[PDB]
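Shown next, in structure tokens, is the structure this report addresses.
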Number of protein chains: 2
Amino acid sequence: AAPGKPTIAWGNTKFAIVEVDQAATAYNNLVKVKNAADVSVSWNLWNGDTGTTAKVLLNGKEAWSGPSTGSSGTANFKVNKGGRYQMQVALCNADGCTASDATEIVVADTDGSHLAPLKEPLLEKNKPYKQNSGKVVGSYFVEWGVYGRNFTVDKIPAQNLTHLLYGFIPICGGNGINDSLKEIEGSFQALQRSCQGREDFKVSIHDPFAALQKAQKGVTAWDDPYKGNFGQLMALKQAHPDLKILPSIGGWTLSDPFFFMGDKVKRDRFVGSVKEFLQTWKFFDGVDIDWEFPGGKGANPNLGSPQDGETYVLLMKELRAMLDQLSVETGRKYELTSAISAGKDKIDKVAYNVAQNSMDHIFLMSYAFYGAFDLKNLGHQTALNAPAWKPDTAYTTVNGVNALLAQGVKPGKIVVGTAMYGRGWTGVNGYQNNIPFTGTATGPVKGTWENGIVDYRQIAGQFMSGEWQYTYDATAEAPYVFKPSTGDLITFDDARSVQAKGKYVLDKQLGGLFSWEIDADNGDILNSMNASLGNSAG
Amino acid sequence: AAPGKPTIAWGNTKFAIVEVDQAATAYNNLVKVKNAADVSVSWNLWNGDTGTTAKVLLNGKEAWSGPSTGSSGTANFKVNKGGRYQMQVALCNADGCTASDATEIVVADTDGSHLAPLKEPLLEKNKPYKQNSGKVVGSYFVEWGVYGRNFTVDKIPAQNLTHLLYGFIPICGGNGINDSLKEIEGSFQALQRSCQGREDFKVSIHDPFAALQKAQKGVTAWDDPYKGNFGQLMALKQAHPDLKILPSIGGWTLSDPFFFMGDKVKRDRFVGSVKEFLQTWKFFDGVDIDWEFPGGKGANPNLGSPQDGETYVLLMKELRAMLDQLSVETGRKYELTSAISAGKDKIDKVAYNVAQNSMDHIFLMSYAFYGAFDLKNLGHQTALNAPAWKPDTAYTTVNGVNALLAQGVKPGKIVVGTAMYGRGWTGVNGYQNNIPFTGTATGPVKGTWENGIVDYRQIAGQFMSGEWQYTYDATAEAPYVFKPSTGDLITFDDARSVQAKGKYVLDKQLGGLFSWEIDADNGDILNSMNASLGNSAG
Ligand SMILES: CC(=O)N[C@@H]1[C@@H](O)[C@H](O[C@@H]2O[C@H](CO)[C@@H](O[C@@H]3O[C@H](CO)[C@@H](O[C@@H]4O[C@H](CO)[C@@H](O)[C@H](O)[C@H]4NC(C)=O)[C@H](O)[C@H]3NC(C)=O)[C@H](O)[C@H]2NC(C)=O)[C@@H](CO)O[C@H]1O
Ligand SMILES: CC(=O)N[C@@H]1[C@@H](O)[C@H](O[C@@H]2O[C@H](CO)[C@@H](O[C@@H]3O[C@H](CO)[C@@H](O[C@@H]4O[C@H](CO)[C@@H](O)[C@H](O)[C@H]4NC(C)=O)[C@H](O)[C@H]3NC(C)=O)[C@H](O)[C@H]2NC(C)=O)[C@@H](CO)O[C@H]1O
């Protein structure tokens, strides 16, 4: 007669292809990529003949087989594809095979194949849009926003985006390489801990706790291998297979390392580490380079060289070559983007007409044109055009787009920036004809998280009432609120200025719109980005 | 400044003092009693000075301490008491100690200290009673009832009992020692597998899957160490701290080994294994001996000796001595009981007037007086008295009680048996004056699970309607149903006969009532046991 029916032993059923060390703070030790997950299963036979061969099946297919030598057995084998499997133990003899009931086993991987789709309801004022315009609709999500700002991946209105960028992936390096981090308490040290034993110029993760270990919706079980932002992004990719999720390298305080990349030894090491990062974290779809900025004038006053433009063009061509190789290895399309200054003095330091051939999209940072960093020359921080009182204004969106077009950049590559936050000053005084922008300020406006910067949510929630004046400048295409008693002035984007940017993109055949930063919107800004580009509601 | 605040690493938080091998079918390998659980905790420090000393606290008390030498650490230590603890990791230096948030850890033990109370709602017709009569209200639960009968520990109306007996714990032994098991397919083999490598005459668990591994309400997590009947009984003891839960050794098919216990070498080995079993499974409160029966005439026709009475008295005295020692070692009260034949021919083979001094209670099996085992001499199987048509009837409850009293047994030791099932015959014919008990039968009645035996639930649900006659014999104090067309006759207890037994117990100052078997009642029988003994509703 056939063997008796085995009973699968109680035991762990959760396994991973990319293992995470739960007691590691250095990136080198934190993740281990294997070619396959090590899986184990045991069984007991409470009644009958134990058979002569025991097998482990996954969805009916043999993953292991060996001699059946007693009432209990154990099998160890490898599983090289992530997902959930119905696993059975079958005992066979010449008279037949008898299979156990199935037990589900989970085989984790960083594409999120083991995870349920994170498909959460839209919050605040976000309304549903269908990405059918063919235009980019992007936004940045910040790693550290999960703490005070309490804005996690399950709160991103993901169906309303084509591109979701993660700021920021740091480049390892200590003294003289990431000195701009020292301006932020504990930040430089944090990177040195993450990069312990790791060469400089290789990428890492700045805050491994936020990126991978903090419990978040959908990834709360103790043995869920990937938690934090990366575990939720993987689940988000299961929910939105076409959303492009790009890791952004750099930003204001993590850009110093780019200034050393004129040394091809360092550049090659960096590019190779980006390739490894994408092989490790499969939910990511390319790389965004946010170098602020070629030529200097970024956070570090001691960096910047006339050689930076060349280095930027080389870097893009080599990134593209690496991504093209990864692309054919995997059958996937990988994207290469960059967030750049929108000021013509900085644009002119790079030959974008050449670099564009390596890039899918150029995220023109048409924001922060003005702000509390300059208390004497006030102006709209993210306007489309110059204002009527100063038609010579250098820093406007159109001027940055025009600088790119004048180099020969194709219009379709250019993605216009929208601000989901305002910049502002306090004590504004000595202005003429009721236009506060003609005076000078005494300091920054009180921000939501930091001086001189205010979330759009707070502008709409608190500064559109009481003594606050509201004006929409139709020449510049920019809103601003002003409190005459304290002289507080805030410049930002609102639904109408975003609609003007969107119409401008469609008229000039530009690539779409992107924003900084997603946690600060209440929905009004992203709704307008979507509507103004022609995306159908629903 | 004090050290930074550590983050407890994700990891297993469930540990056990008595470990269970998930891939073991032999009792020797299945459970491992340790003096303490091996616990482990790891931690990372994402910000700050790591301190110079790291400590693991349980409810604020140090369980481990060692030098803090880096950003991550691991501690291994022992916990010798079951329960749930709030565990913290603190990093200290001369300037202060900084403790992590707490993480609960579970330390399992077999008293059920790690489990939530299994306090389930009464089902079917069971109504709530308060054990305030001072009388025993007992019932047996069968290990194998969790399969076809689907009657699990969460279905026991536990608040309505003083004593819950578990049938049955087997005594290891193969050929010539447990031959009565061979009458049940796979049963003898099952015991040989459980007892592999274990000496004969030591106790074991007959079906380890039902007793410890089958998922049941309250004990379904893969890493819950104790599942099955024993895990639920532990949780039941957390819910009913005063309920006495006794393991019963023997029964109809596991009694053969007792017949060899005239050899003190074997008897001592048995008693020592009972002590070990109670040290291992702390939720149990003593031991019930169900030897059927001293003198033979049990399942095995080749066993029985005139020496059995002596062996029984010795066994009880030695069990009592072992329990008295365990009792003072633990501060607990342990009970020693026995289920015995109620026929005077069998009672007379034992000097109960002597054995009673070692026993807390005598469970008089005043049932199975008659049944399909004898097709020619029909009669009430569990009546209080003889019927009017045969006032010389030997097997009645009163006669068994009277045999005990005549030896000198104290009335308070005697617990009267009630049947939660009926016995019956088919083809009953040749009876006079409409009393079916005067005829003879052609075979057994069709049972619920086995021939000639019917659950009371089924008697009430199916055989109290249609062609079935119902009669209550007030002389005997016994109900019976009869189907004249097929000649099917069933004898059992009902609420009224149980009330007569209960009044009899109170009148004669007996110890209380017990029943066989709890899964077969729909609530009517246990309700009456409780009411008739004077227990207040509620
Ligand atoms: C003496 C003084 O008055 N000098 C003035 C100049 O400083 C000034 O030009 C503006 O200069 C500031 C630097 O202080 C600069 O603002 C940095 O701007 C970048 C964007 O280009 C920001 O970075 C990106 O966006 C967010 C923030 O918006 C970053 O946090 C993120 O890392 C980056 N990524 C993305 C995708 O957004 C920096 O955050 C920001 N830093 C500070 C300190 O604010 C403006 O870009 C400069 N503007 C131009 C047009 O160059 C000049 C012009 O107003 O006036 C001089 O007087
Ligand atoms: C030739 C023939 O006709 N002989 C008749 C005799 O057999 C007979 O006496 C009765 O004999 C049967 C044995 O066949 C016996 O029934 C065994 O009874 C015990 C209880 O005493 C049962 O065991 C316990 O209870 C349940 C069952 O009710 C068990 O399953 C459990 O293991 C035990 N524990 C508890 C707590 O309950 C046996 O299950 C049962 N076995 C069978 C096969 O049914 C009766 O006890 C005998 N009665 C007396 C008074 O001795 C005799 C009397 O009717 O008639 C002869 O003719």
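Ligands are numbered from 1 in the order shown, chains are lettered A, B, ... in the order of the structure tokens, and residues start at 1 in each chain.
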
Inset, instruction - Kindly work out which residues sit at most 6 Å from ligand 2, using only C-alpha atoms and all ligand atoms, and give the list as a ChimeraX atom specification. - result: /B:251-252,339,341,343,365,368-370,373-374,395,516

N, CA, C and O atoms of the current selection, written as a PDB file, in the first residue's frame:
ATOM      1  N   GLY B 251      -7.861   2.518  31.421  1.00  0.00           N
ATOM      2  CA  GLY B 251      -9.059   2.448  30.610  1.00  0.00           C
ATOM      3  C   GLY B 251      -9.136   1.011  30.049  1.00  0.00           C
ATOM      4  O   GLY B 251      -8.215   0.216  30.278  1.00  0.00           O
ATOM      5  N   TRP B 252     -10.177   0.757  29.287  1.00  0.00           N
ATOM      6  CA  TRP B 252     -10.426  -0.580  28.752  1.00  0.00           C
ATOM      7  C   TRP B 252      -9.257  -1.175  27.998  1.00  0.00           C
ATOM      8  O   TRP B 252      -9.037  -2.391  28.142  1.00  0.00           O
ATOM      9  N   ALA B 339     -10.781   4.971  38.992  1.00  0.00           N
ATOM     10  CA  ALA B 339     -12.075   4.579  38.423  1.00  0.00           C
ATOM     11  C   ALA B 339     -12.155   3.053  38.595  1.00  0.00           C
ATOM     12  O   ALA B 339     -11.178   2.380  38.211  1.00  0.00           O
ATOM     13  N   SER B 341     -14.535  -0.854  38.919  1.00  0.00           N
ATOM     14  CA  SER B 341     -15.787  -1.535  38.556  1.00  0.00           C
ATOM     15  C   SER B 341     -16.795  -1.347  39.703  1.00  0.00           C
ATOM     16  O   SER B 341     -16.433  -1.264  40.876  1.00  0.00           O
ATOM     17  N   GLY B 343     -19.335  -3.523  39.986  1.00  0.00           N
ATOM     18  CA  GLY B 343     -19.969  -4.841  40.227  1.00  0.00           C
ATOM     19  C   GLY B 343     -19.376  -5.421  41.514  1.00  0.00           C
ATOM     20  O   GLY B 343     -18.155  -5.415  41.668  1.00  0.00           O
ATOM     21  N   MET B 365     -17.616   3.263  38.692  1.00  0.00           N
ATOM     22  CA  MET B 365     -18.167   3.195  37.344  1.00  0.00           C
ATOM     23  C   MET B 365     -19.520   2.504  37.335  1.00  0.00           C
ATOM     24  O   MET B 365     -19.700   1.441  36.756  1.00  0.00           O
ATOM     25  N   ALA B 368     -22.506   0.721  32.280  1.00  0.00           N
ATOM     26  CA  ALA B 368     -22.136  -0.491  31.554  1.00  0.00           C
ATOM     27  C   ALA B 368     -22.493  -1.745  32.337  1.00  0.00           C
ATOM     28  O   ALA B 368     -21.839  -2.792  32.175  1.00  0.00           O
ATOM     29  N   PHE B 369     -23.573  -1.716  33.113  1.00  0.00           N
ATOM     30  CA  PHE B 369     -24.009  -2.879  33.872  1.00  0.00           C
ATOM     31  C   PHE B 369     -24.478  -3.987  32.935  1.00  0.00           C
ATOM     32  O   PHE B 369     -24.355  -5.188  33.194  1.00  0.00           O
ATOM     33  N   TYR B 370     -25.064  -3.582  31.842  1.00  0.00           N
ATOM     34  CA  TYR B 370     -25.617  -4.396  30.798  1.00  0.00           C
ATOM     35  C   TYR B 370     -25.293  -3.751  29.459  1.00  0.00           C
ATOM     36  O   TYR B 370     -24.934  -2.549  29.494  1.00  0.00           O
ATOM     37  N   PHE B 373     -22.777  -6.383  24.801  1.00  0.00           N
ATOM     38  CA  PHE B 373     -21.797  -7.449  25.067  1.00  0.00           C
ATOM     39  C   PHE B 373     -22.529  -8.711  25.525  1.00  0.00           C
ATOM     40  O   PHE B 373     -21.944  -9.803  25.528  1.00  0.00           O
ATOM     41  N   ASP B 374     -23.787  -8.586  25.943  1.00  0.00           N
ATOM     42  CA  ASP B 374     -24.585  -9.752  26.352  1.00  0.00           C
ATOM     43  C   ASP B 374     -25.979  -9.614  25.714  1.00  0.00           C
ATOM     44  O   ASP B 374     -26.748  -8.745  26.125  1.00  0.00           O
ATOM     45  N   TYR B 395     -26.449  -6.160  39.202  1.00  0.00           N
ATOM     46  CA  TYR B 395     -25.697  -4.947  38.856  1.00  0.00           C
ATOM     47  C   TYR B 395     -26.528  -3.673  38.853  1.00  0.00           C
ATOM     48  O   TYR B 395     -27.117  -3.329  37.837  1.00  0.00           O
ATOM     49  N   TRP B 516     -18.961   9.724  32.177  1.00  0.00           N
ATOM     50  CA  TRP B 516     -18.232   9.262  30.994  1.00  0.00           C
ATOM     51  C   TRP B 516     -19.196   9.393  29.821  1.00  0.00           C
ATOM     52  O   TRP B 516     -20.309   8.825  29.884  1.00  0.00           O
TER      53      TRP B 516
END

Inset, instruction - Give as a ChimeraX atom specification the residues surrounding ligand 1 up to a distance of 9 Å, considering only C-alpha atoms and all ligand atoms. - result: /A:139-140,165,167-168,248,250-255,290-293,297-299,338-346,363-379,381,394-396,400,417,419,421,423,452-453,514-517

Legend entry - chain A contacts on chain B, only C-alpha atoms, 10 Å, as a count of residues only: 43

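All residues of protein, DNA or RNA that reach within 9 Å of residue 135 of chain A, judged by only C-alpha atoms and not counting those fewer than 5 positions away in the chain, are residues 162, 415, 506, 510, 511, 512, 513, 533, 534 and 535 of chain A.
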
Legend entry - Pick from A:434, A:418, A:480, A:392 nearest to residue 498 of chain A, counting only C-alpha atoms: A:418

Legend entry - Polymer residues at most 10 Å from residue 156 of chain A, only C-alpha atoms, same-chain spacing of 5 or more positions, as a PyMOL selection string: chain A and resi 120-123+126+139+141+151+161+164+236+518-519
